[PDB]
Amino acid sequence: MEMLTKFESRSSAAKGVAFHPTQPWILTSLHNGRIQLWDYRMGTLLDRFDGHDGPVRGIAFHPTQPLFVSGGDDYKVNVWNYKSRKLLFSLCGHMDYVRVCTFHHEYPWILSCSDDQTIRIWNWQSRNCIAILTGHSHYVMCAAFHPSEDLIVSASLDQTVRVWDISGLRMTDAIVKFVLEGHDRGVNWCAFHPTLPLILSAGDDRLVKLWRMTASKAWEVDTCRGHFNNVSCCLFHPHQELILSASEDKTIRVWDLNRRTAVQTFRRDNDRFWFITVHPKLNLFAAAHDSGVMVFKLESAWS
């Protein structure tokens with residue numbers, strides 16, 4: 001495959017990137033504590049947001065509201081209105097670095113996870129913490145809402161990937177359903193497939209593991225082997241049978257979803273990769289690395 005780069009930013013190390021679902025924008029959250037809002041079709045910096053001290057690793061748009069949420073090493077989860085350009089409020093409660101923060105697609109909820117070993121669910125309408133998910137015995141490096149079920153998946157340096165049942169909170173509020181074992185070192189990332197009952201996880205063991213799950217059970221399907229340093233991030237290609245991973249070995253790797261064989265490796269000479277994301281509708285990906293952010297299309301070779 002080939003990488004068609006549509007936009008690159010040169011900046012302090014990027015930790016997070018978020019695609020706007022309808023506008024041609026990305027938010028970037030940087031090691032220096034700043035959040036950039038870019039138009040990647042025009043190549044223009046639309047806005048800058050100062051609300052954190054230290055790196056900002058969590059960043060996400062609300063799918064419909066004029067909001068985005070940021071999470072920082074200063075423990076704060078900040079909710080912003082990007083139309084009025086105001087910091088609406090800070091959700092305090094986490095006692096260590098925040099690694100991820102996202103909005104739910106239906107309920108007025110924010111999800112965050114932290115080095116303090118907890119996942120927190122907040123109601124951004126009431127500004128209250130409505131659930132604290134405990135059980136992990138080390139940093140929770142990632143957590144994600146399921147796109148169609150009342151489930152959360154989380155990844156921790158305790159070497160486990162947890163799938164939680166949050167049906168109770170939707171109506172005990174949260175109960176661990178699966179404690180997935182298999183990674184031999186800490187797990188840095190976890191992801192759901194947008195329509196298939198699959199889970200991706202990636203960790204310091206250099207492995208990207210593919211899991212499948214039913215309502216009653218789960219199993220490891222296979223492992224993508226090849227990265228030669230910590231894997232920072234992984235995701236499903238939404239519109240193709242492909243897996244993508246990003247690693248401190250300075251590569252983004254594309255893998256066959258059906259066979260978990262290597263399809264294509266992209267390298268950067270000097271930049272470790274910290275994060276990758278995909279647009280919910282378009283063949284559009286973003287990667288965050290030591291020197292900034294890149295937005296690109298993934299195309300078949302000599303297309």
# chains A, B, ... in the order shown; residues from 1 in each chain; ligands from 1
call {"tool": "residues_around", "arguments": {"residues": "region 196-208 of chain A", "least_positions_apart": "6", "cutoff": "8 Å", "atoms": "only C-alpha atoms", "output": "list in words"}}
result
residues 155, 161, 183, 184, 185, 186, 187, 188, 189, 190, 214, 223, 224, 225, 226, 227, 228, 229, 230, 231, 232, 233, 234, 235, 236 and 245 of chain A
call {"tool": "write_last_selection", "arguments": {"atoms": "N, CA and C atoms", "output": "PDB file, in the first residue's frame"}}
result
ATOM      1  N   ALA A 155      -7.442  -1.097  28.518  1.00  0.00           N
ATOM      2  CA  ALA A 155      -6.111  -1.681  28.439  1.00  0.00           C
ATOM      3  C   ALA A 155      -5.253  -1.101  29.552  1.00  0.00           C
ATOM      4  N   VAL A 161      -6.515  -6.861  29.290  1.00  0.00           N
ATOM      5  CA  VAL A 161      -7.530  -6.091  28.586  1.00  0.00           C
ATOM      6  C   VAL A 161      -8.865  -6.484  29.196  1.00  0.00           C
ATOM      7  N   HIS A 183      -1.325 -10.947  26.645  1.00  0.00           N
ATOM      8  CA  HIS A 183      -0.166 -10.074  26.562  1.00  0.00           C
ATOM      9  C   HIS A 183       0.791 -10.399  27.701  1.00  0.00           C
ATOM     10  N   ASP A 184       2.082 -10.471  27.384  1.00  0.00           N
ATOM     11  CA  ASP A 184       3.105 -10.789  28.372  1.00  0.00           C
ATOM     12  C   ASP A 184       3.761  -9.548  28.965  1.00  0.00           C
ATOM     13  N   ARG A 185       3.359  -8.355  28.529  1.00  0.00           N
ATOM     14  CA  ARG A 185       3.793  -7.101  29.129  1.00  0.00           C
ATOM     15  C   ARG A 185       2.598  -6.155  29.164  1.00  0.00           C
ATOM     16  N   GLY A 186       2.840  -4.921  29.600  1.00  0.00           N
ATOM     17  CA  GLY A 186       1.755  -3.963  29.717  1.00  0.00           C
ATOM     18  C   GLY A 186       1.076  -3.699  28.387  1.00  0.00           C
ATOM     19  N   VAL A 187      -0.229  -3.436  28.455  1.00  0.00           N
ATOM     20  CA  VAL A 187      -1.052  -3.181  27.277  1.00  0.00           C
ATOM     21  C   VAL A 187      -1.320  -1.684  27.175  1.00  0.00           C
ATOM     22  N   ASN A 188      -1.044  -1.114  26.003  1.00  0.00           N
ATOM     23  CA  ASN A 188      -1.115   0.326  25.801  1.00  0.00           C
ATOM     24  C   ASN A 188      -2.398   0.792  25.138  1.00  0.00           C
ATOM     25  N   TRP A 189      -3.063  -0.066  24.370  1.00  0.00           N
ATOM     26  CA  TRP A 189      -4.186   0.387  23.571  1.00  0.00           C
ATOM     27  C   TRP A 189      -5.179  -0.743  23.355  1.00  0.00           C
ATOM     28  N   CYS A 190      -6.444  -0.365  23.180  1.00  0.00           N
ATOM     29  CA  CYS A 190      -7.505  -1.303  22.846  1.00  0.00           C
ATOM     30  C   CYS A 190      -8.522  -0.591  21.967  1.00  0.00           C
ATOM     31  N   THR A 214     -18.579 -12.896  21.733  1.00  0.00           N
ATOM     32  CA  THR A 214     -20.023 -12.986  21.660  1.00  0.00           C
ATOM     33  C   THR A 214     -20.598 -12.340  22.913  1.00  0.00           C
ATOM     34  N   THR A 223      -2.389 -13.169  16.536  1.00  0.00           N
ATOM     35  CA  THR A 223      -1.491 -12.091  16.924  1.00  0.00           C
ATOM     36  C   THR A 223      -0.761 -11.571  15.695  1.00  0.00           C
ATOM     37  N   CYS A 224      -0.673 -10.248  15.586  1.00  0.00           N
ATOM     38  CA  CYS A 224       0.168  -9.600  14.587  1.00  0.00           C
ATOM     39  C   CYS A 224       1.552  -9.407  15.194  1.00  0.00           C
ATOM     40  N   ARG A 225       2.543 -10.097  14.641  1.00  0.00           N
ATOM     41  CA  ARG A 225       3.906 -10.058  15.144  1.00  0.00           C
ATOM     42  C   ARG A 225       4.807  -9.362  14.135  1.00  0.00           C
ATOM     43  N   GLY A 226       5.707  -8.522  14.636  1.00  0.00           N
ATOM     44  CA  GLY A 226       6.651  -7.856  13.761  1.00  0.00           C
ATOM     45  C   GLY A 226       7.231  -6.572  14.316  1.00  0.00           C
ATOM     46  N   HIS A 227       6.410  -5.768  14.992  1.00  0.00           N
ATOM     47  CA  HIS A 227       6.918  -4.553  15.615  1.00  0.00           C
ATOM     48  C   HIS A 227       8.106  -4.907  16.497  1.00  0.00           C
ATOM     49  N   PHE A 228       9.120  -4.041  16.506  1.00  0.00           N
ATOM     50  CA  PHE A 228      10.303  -4.303  17.316  1.00  0.00           C
ATOM     51  C   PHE A 228      10.487  -3.261  18.418  1.00  0.00           C
ATOM     52  N   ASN A 229       9.406  -2.582  18.804  1.00  0.00           N
ATOM     53  CA  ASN A 229       9.371  -1.757  20.004  1.00  0.00           C
ATOM     54  C   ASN A 229       7.921  -1.674  20.470  1.00  0.00           C
ATOM     55  N   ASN A 230       7.700  -0.950  21.565  1.00  0.00           N
ATOM     56  CA  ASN A 230       6.358  -0.810  22.113  1.00  0.00           C
ATOM     57  C   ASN A 230       5.381  -0.387  21.023  1.00  0.00           C
ATOM     58  N   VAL A 231       4.218  -1.029  20.997  1.00  0.00           N
ATOM     59  CA  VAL A 231       3.128  -0.609  20.124  1.00  0.00           C
ATOM     60  C   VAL A 231       2.262   0.377  20.897  1.00  0.00           C
ATOM     61  N   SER A 232       2.136   1.588  20.359  1.00  0.00           N
ATOM     62  CA  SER A 232       1.450   2.681  21.029  1.00  0.00           C
ATOM     63  C   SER A 232      -0.046   2.674  20.777  1.00  0.00           C
ATOM     64  N   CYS A 233      -0.473   2.185  19.618  1.00  0.00           N
ATOM     65  CA  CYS A 233      -1.845   2.379  19.185  1.00  0.00           C
ATOM     66  C   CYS A 233      -2.178   1.366  18.106  1.00  0.00           C
ATOM     67  N   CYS A 234      -3.465   1.064  17.993  1.00  0.00           N
ATOM     68  CA  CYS A 234      -3.948   0.148  16.973  1.00  0.00           C
ATOM     69  C   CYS A 234      -5.408   0.468  16.695  1.00  0.00           C
ATOM     70  N   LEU A 235      -5.842   0.184  15.468  1.00  0.00           N
ATOM     71  CA  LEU A 235      -7.230   0.417  15.099  1.00  0.00           C
ATOM     72  C   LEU A 235      -7.610  -0.499  13.947  1.00  0.00           C
ATOM     73  N   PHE A 236      -8.915  -0.664  13.777  1.00  0.00           N
ATOM     74  CA  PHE A 236      -9.467  -1.349  12.621  1.00  0.00           C
ATOM     75  C   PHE A 236      -9.657  -0.348  11.494  1.00  0.00           C
ATOM     76  N   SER A 245      -1.448  -0.471  13.042  1.00  0.00           N
ATOM     77  CA  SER A 245      -0.771  -0.316  14.318  1.00  0.00           C
ATOM     78  C   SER A 245       0.297   0.759  14.180  1.00  0.00           C
TER      79      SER A 245
END
call {"tool": "residues_around", "arguments": {"residues": "residue 54 (chain A)", "least_positions_apart": "2", "cutoff": "6 Å", "atoms": "only C-alpha atoms", "output": "PDB file with N, CA, C and O atoms, in the first residue's frame"}}
result
ATOM      1  N   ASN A  32       3.496  19.734  24.785  1.00  0.00           N
ATOM      2  CA  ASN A  32       3.676  21.013  25.461  1.00  0.00           C
ATOM      3  C   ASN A  32       2.401  21.517  26.131  1.00  0.00           C
ATOM      4  O   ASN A  32       2.392  22.641  26.644  1.00  0.00           O
ATOM      5  N   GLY A  33       1.338  20.717  26.151  1.00  0.00           N
ATOM      6  CA  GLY A  33       0.118  21.084  26.834  1.00  0.00           C
ATOM      7  C   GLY A  33      -0.874  21.855  25.998  1.00  0.00           C
ATOM      8  O   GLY A  33      -1.936  22.224  26.511  1.00  0.00           O
ATOM      9  N   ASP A  73      -1.832  15.292  31.503  1.00  0.00           N
ATOM     10  CA  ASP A  73      -0.999  14.812  32.593  1.00  0.00           C
ATOM     11  C   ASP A  73      -1.224  15.594  33.878  1.00  0.00           C
ATOM     12  O   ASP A  73      -0.777  15.144  34.939  1.00  0.00           O
TER      13      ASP A  73
END
call {"tool": "atom_distance", "arguments": {"atom1": "CA of residue 239 (chain A)", "atom2": "CA of residue 253 (chain A)"}}
result
16.8 Å
call {"tool": "residues_around", "arguments": {"residues": "region 172-180 of chain A", "least_positions_apart": "4", "cutoff": "9 Å", "atoms": "only C-alpha atoms", "output": "count of residues only"}}
result
21
call {"tool": "select_by_dssp", "arguments": {"residues": "region 144-212 of chain A", "states": "strand (DSSP E or B)", "output": "PDB file with C-alpha atoms, in the first residue's frame"}}
result
ATOM      1  CA  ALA A 144     -13.308   2.867  24.699  1.00  0.00           C
ATOM      2  CA  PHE A 145     -17.085   2.710  24.430  1.00  0.00           C
ATOM      3  CA  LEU A 151     -19.679  -2.240  26.960  1.00  0.00           C
ATOM      4  CA  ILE A 152     -16.327  -0.617  27.681  1.00  0.00           C
ATOM      5  CA  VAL A 153     -12.955  -2.133  26.788  1.00  0.00           C
ATOM      6  CA  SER A 154      -9.848  -1.014  28.672  1.00  0.00           C
ATOM      7  CA  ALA A 155      -6.111  -1.681  28.439  1.00  0.00           C
ATOM      8  CA  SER A 156      -3.702  -1.549  31.363  1.00  0.00           C
ATOM      9  CA  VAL A 161      -7.530  -6.091  28.586  1.00  0.00           C
ATOM     10  CA  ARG A 162     -10.849  -5.755  30.405  1.00  0.00           C
ATOM     11  CA  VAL A 163     -14.324  -5.747  28.875  1.00  0.00           C
ATOM     12  CA  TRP A 164     -16.850  -4.157  31.237  1.00  0.00           C
ATOM     13  CA  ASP A 165     -20.650  -4.472  31.246  1.00  0.00           C
ATOM     14  CA  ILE A 175     -19.249  -5.209  36.152  1.00  0.00           C
ATOM     15  CA  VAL A 176     -16.138  -6.714  34.594  1.00  0.00           C
ATOM     16  CA  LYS A 177     -17.230  -9.249  31.970  1.00  0.00           C
ATOM     17  CA  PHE A 178     -13.909 -10.427  30.507  1.00  0.00           C
ATOM     18  CA  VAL A 179     -10.378 -10.159  31.848  1.00  0.00           C
ATOM     19  CA  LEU A 180      -8.487 -10.985  28.669  1.00  0.00           C
ATOM     20  CA  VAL A 187      -1.052  -3.181  27.277  1.00  0.00           C
ATOM     21  CA  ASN A 188      -1.115   0.326  25.801  1.00  0.00           C
ATOM     22  CA  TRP A 189      -4.186   0.387  23.571  1.00  0.00           C
ATOM     23  CA  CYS A 190      -7.505  -1.303  22.846  1.00  0.00           C
ATOM     24  CA  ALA A 191     -10.082  -0.769  20.110  1.00  0.00           C
ATOM     25  CA  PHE A 192     -13.455  -2.087  18.955  1.00  0.00           C
ATOM     26  CA  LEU A 198     -13.815  -7.785  17.341  1.00  0.00           C
ATOM     27  CA  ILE A 199     -11.280  -6.197  19.684  1.00  0.00           C
ATOM     28  CA  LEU A 200      -7.713  -5.061  19.000  1.00  0.00           C
ATOM     29  CA  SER A 201      -5.116  -4.647  21.749  1.00  0.00           C
ATOM     30  CA  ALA A 202      -1.466  -3.596  21.581  1.00  0.00           C
ATOM     31  CA  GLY A 203       1.296  -3.370  24.142  1.00  0.00           C
ATOM     32  CA  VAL A 208      -1.116  -6.522  18.338  1.00  0.00           C
ATOM     33  CA  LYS A 209      -3.705  -9.100  19.404  1.00  0.00           C
ATOM     34  CA  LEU A 210      -7.058  -9.688  17.713  1.00  0.00           C
ATOM     35  CA  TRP A 211      -9.959 -10.951  19.817  1.00  0.00           C
ATOM     36  CA  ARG A 212     -13.517 -11.926  18.954  1.00  0.00           C
TER      37      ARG A 212
END
call {"tool": "residues_around", "arguments": {"residues": "residue 102 (chain A)", "least_positions_apart": "6", "cutoff": "7 Å", "atoms": "only C-alpha atoms", "output": "PyMOL selection string"}}
result
chain A and resi 60+69+110-112
call {"tool": "residues_around", "arguments": {"residues": "residue 277 (chain A)", "least_positions_apart": "4", "cutoff": "10 Å", "atoms": "only C-alpha atoms", "output": "mmCIF file with C-alpha atoms, in the first residue's frame"}}
result
data_model
loop_
_atom_site.group_PDB
_atom_site.id
_atom_site.type_symbol
_atom_site.label_atom_id
_atom_site.label_comp_id
_atom_site.auth_asym_id
_atom_site.auth_seq_id
_atom_site.Cartn_x
_atom_site.Cartn_y
_atom_site.Cartn_z
ATOM 1 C CA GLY A 16 -3.550 12.718 20.370
ATOM 2 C CA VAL A 17 -5.533 13.547 17.252
ATOM 3 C CA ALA A 18 -9.289 13.760 16.712
ATOM 4 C CA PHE A 19 -11.162 14.021 13.421
ATOM 5 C CA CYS A 233 -1.845 2.379 19.185
ATOM 6 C CA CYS A 234 -3.948 0.148 16.973
ATOM 7 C CA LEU A 235 -7.230 0.417 15.099
ATOM 8 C CA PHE A 236 -9.467 -1.349 12.621
ATOM 9 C CA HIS A 237 -9.699 -0.008 9.114
ATOM 10 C CA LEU A 244 -3.330 -0.660 11.537
ATOM 11 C CA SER A 245 -0.771 -0.316 14.318
ATOM 12 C CA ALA A 246 1.628 2.437 15.359
ATOM 13 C CA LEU A 284 -8.774 9.322 6.129
ATOM 14 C CA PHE A 285 -6.205 8.544 8.813
ATOM 15 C CA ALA A 286 -4.113 10.660 11.162
ATOM 16 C CA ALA A 287 -0.914 9.763 13.011
ATOM 17 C CA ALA A 288 0.755 11.597 15.894
ATOM 18 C CA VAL A 295 -3.166 13.154 7.805
#
call {"tool": "residues_around", "arguments": {"residues": "residue 82 (chain A)", "least_positions_apart": "4", "cutoff": "7 Å", "atoms": "only C-alpha atoms", "output": "PyMOL selection string"}}
result
chain A and resi 66-67+86
call {"tool": "select_by_dssp", "arguments": {"residues": "region 34-203 of chain A", "states": "alpha helix (DSSP H)", "output": "VMD selection string"}}
result
chain A and resid 167 to 170
call {"tool": "residues_around", "arguments": {"residues": "residue 24 (chain A)", "least_positions_apart": "5", "cutoff": "9 Å", "atoms": "only C-alpha atoms", "output": "PyMOL selection string"}}
result
chain A and resi 19+38-42
call {"tool": "write_last_selection", "arguments": {"atoms": "N, CA, C and O atoms", "output": "PDB file, in the first residue's frame"}}
result
ATOM      1  N   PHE A  19     -10.464  13.546  14.606  1.00  0.00           N
ATOM      2  CA  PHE A  19     -11.162  14.021  13.421  1.00  0.00           C
ATOM      3  C   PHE A  19     -12.521  14.598  13.793  1.00  0.00           C
ATOM      4  O   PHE A  19     -13.279  13.985  14.554  1.00  0.00           O
ATOM      5  N   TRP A  38      -6.838  22.318  13.418  1.00  0.00           N
ATOM      6  CA  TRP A  38      -6.336  22.500  12.067  1.00  0.00           C
ATOM      7  C   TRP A  38      -7.429  22.208  11.049  1.00  0.00           C
ATOM      8  O   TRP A  38      -8.276  21.337  11.260  1.00  0.00           O
ATOM      9  N   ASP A  39      -7.394  22.934   9.934  1.00  0.00           N
ATOM     10  CA  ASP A  39      -8.146  22.574   8.737  1.00  0.00           C
ATOM     11  C   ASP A  39      -7.156  21.913   7.786  1.00  0.00           C
ATOM     12  O   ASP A  39      -6.258  22.578   7.257  1.00  0.00           O
ATOM     13  N   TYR A  40      -7.307  20.603   7.582  1.00  0.00           N
ATOM     14  CA  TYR A  40      -6.320  19.863   6.807  1.00  0.00           C
ATOM     15  C   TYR A  40      -6.568  19.938   5.308  1.00  0.00           C
ATOM     16  O   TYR A  40      -5.711  19.496   4.536  1.00  0.00           O
ATOM     17  N   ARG A  41      -7.703  20.487   4.875  1.00  0.00           N
ATOM     18  CA  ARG A  41      -7.882  20.761   3.455  1.00  0.00           C
ATOM     19  C   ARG A  41      -7.197  22.065   3.060  1.00  0.00           C
ATOM     20  O   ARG A  41      -6.589  22.151   1.988  1.00  0.00           O
ATOM     21  N   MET A  42      -7.273  23.084   3.915  1.00  0.00           N
ATOM     22  CA  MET A  42      -6.633  24.358   3.626  1.00  0.00           C
ATOM     23  C   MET A  42      -5.226  24.459   4.192  1.00  0.00           C
ATOM     24  O   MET A  42      -4.445  25.295   3.724  1.00  0.00           O
TER      25      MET A  42
END
call {"tool": "closest_residue", "arguments": {"among": "A:43, A:31, A:68, A:289", "to": "residue 7 (chain A)", "atoms": "only C-alpha atoms"}}
result
A:43
